[PDB]
């Protein structure tokens, strides 16, 4: 349940598949609360969520064969994080740009190192992929933003540290 994929067809008849895979799930976070200290003395979600993106060309004849064109496909990609209660709350920078790396896999990567949750509880992360196309053949303000697909994280727990006035000081 770490991955999700979507497919679309371009004007040139090309079948493009987007695959999102969460490689580093969140596990825990300390509720940062509100106030002036909440924006400068917080502990972000750890380990930072990391999402891998792959793009596949499918030749029209044989669909058992795909070609990873992640390093060839020319478009802007952004990944946006939302906080879904399992039963603003999310602070920080919820938008990550793509970084193309060869290890551990040849793909694009999104990292979220500065996510904070305001209140304790159980949450899931939803990561939404936006594509900004620069070649008109790839099509399905003079720039457009297209939602592509979404991946759902495993549940993680935000705890609250108990208060001990004379102890923590």
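Numbering follows the first chain given and starts at 1.
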- Query: How many residues sit between residue 87 and residue 88 in the deposited sequence but have no coordinates: none, 1 to 3, 4 to 9, or 10 or more?
  - Reply: 10 or more
- Query: Which class fits the unmodelled deposited stretch between residue 34 and residue 35: none, 1 to 3, 4 to 9, or 10 or more?
  - Reply: none
- Mean Cα B-factor check, 48 to 56 vs 25 to 33, entry values; winner is 25 to 33
- Message: Per the record, averaged over C-alpha atoms, which has the higher B-factor: 65 to 73 or 39 to 47?
- Response: 39 to 47
- Max C-alpha B-factor within the set 113, 108, 121, 136 falls on 136
- Check where residue 16 lands among this chain's C-alpha B-factors and tell me if it's the lowest, middle or highest third. middle
- Query: Thinking about Cα B factors across the chain, which third does residue 144 belong to?
  - Reply: highest
- residue 160 - Cα temperature factor, lowest/middle/highest third of chain: highest
- Query: If you rank every modelled residue in this chain by C-alpha B factor, which third holds residue 153: lowest, middle or highest?
  - Reply: lowest
